[PDB]
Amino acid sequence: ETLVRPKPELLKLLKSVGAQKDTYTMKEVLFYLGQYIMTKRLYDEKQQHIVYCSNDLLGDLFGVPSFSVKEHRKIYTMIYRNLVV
């Protein structure tokens, strides 16, 4: 539905997992974010609800060393701090 426009650095991250537009639905952003987390192993097998993104571009952009996958609104907050008109 509605389109969001990533800042350059987030756009960089999305493109590193094969994205090729300037604008995306939130659903597409989360798809690519998932791909990025899985292909970079940004988690620990013993804690499957936590993304560990400290010392990764993703942590720089989201401004946190880890976050919970069950905390959806905060995930949207962090994405929105990386969005532009």
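A residue's number is simply how far along the shown sequence it sits, counting from 1.
Student: Identify the stretch, either 27-35 or 43-51, whose C-alpha atoms have the larger mean B-factor according to the entry.
Tutor: Taking the mean C-alpha B-factor of 27-35 and of 43-51, the larger value falls to 43-51.
Student: State which stretch shows the higher mean Cα B factor in the entry: 59-67 or 14-22.
Tutor: It is 14-22 that shows the higher mean C-alpha B-factor.
Student: Which third of the chain does residue 85 land in by C-alpha B-factor: lowest, middle or highest?
Tutor: Tercile = highest for this residue's CA B-factor.
Student: Divide the modelled residues of the chain into thirds by Cα B-factor and specify which third, lowest, middle or highest, holds residue 79.
Tutor: As the PDB entry reports it, the C-alpha B-factor of residue 79 lands in the lowest third of its chain.
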